[PDB]
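Only one chain is shown below, in structure tokens, and it's the form deposited in one PDB entry.
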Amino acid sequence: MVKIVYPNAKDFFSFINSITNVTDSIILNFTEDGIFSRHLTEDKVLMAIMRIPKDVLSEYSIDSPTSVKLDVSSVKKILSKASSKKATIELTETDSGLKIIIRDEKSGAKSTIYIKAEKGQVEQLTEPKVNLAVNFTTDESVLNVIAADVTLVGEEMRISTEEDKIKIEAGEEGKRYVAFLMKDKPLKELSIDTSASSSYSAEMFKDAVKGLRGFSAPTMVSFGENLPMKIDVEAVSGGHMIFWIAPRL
């Protein structure tokens, strides 16, 4: 028996939808520390991770650590109920899968979905174990500009440090794009430990950026010399959505 109460239904839907940028089917893992989901694309270049520490849930109870697989149709059922209204979500296990109750906070009713879902056995959360030399903070609007620009111009993007700015480049034969980001134009924060550059799939970058939707918090991007890029946003109600993108070598 797994029983969870999320204080912010809006964020719950944002997490589910964000993971969907990488898979059609979602596995939720219920552990002693909270909830997580971890999915990679078939080529393993892009990973989505949702981490929700139990200390940000209103209520959290498991017997044994357990996974629940939501197939394509179950993901669609859940997202068909997505709403911006202030609400609570109660998630409980049933014999055949899950029950999800959404409780409107301001008057005031509640609605239910029943999800048929395979159970069981938590697989460990494995991320790149990597030291990332460059970090910067920005928001989804800026990253969406970048993603649309790169994707218009090339299949691959390169990000590097140049003095006290971030440089983003993309191009195909003559036809190129270059942007410079710095502290306060437009970056909220910028930490360059050591100089670094890496190249990434522009499509995978764009997919990660789509996965920031619905979250208001600032987004942190980290990268290193020929290392994976990490993109991390903390939900208002707690917990993180993280994407990792493998470099082109």
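Each residue number is its position in the shown sequence, starting from 1. For the two forms, the rigid core is made up of the largest set of C-alpha atoms that agree within 1.5 Å on superposition.
Below: the form deposited in another entry, not depicted.
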| query | Where among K116, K167, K86, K81 does the Cα move by 2 Å or more between the shown form and the other one after the core is superposed? | reply | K81
| query | Once everything's superposed on the core, is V178 shifted 2 Å or more at the Cα between the shown form and the other one? | reply | no
| field | Closer or farther in the other form, the Cα atoms of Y60 and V72, when the shift from this form is 3 Å or more | value | closer
| task | With a shift of at least 3 angstroms, figure out whether the C-alpha spacing between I78 and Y60 grows or shrinks in the other form: closer or farther? | result | farther
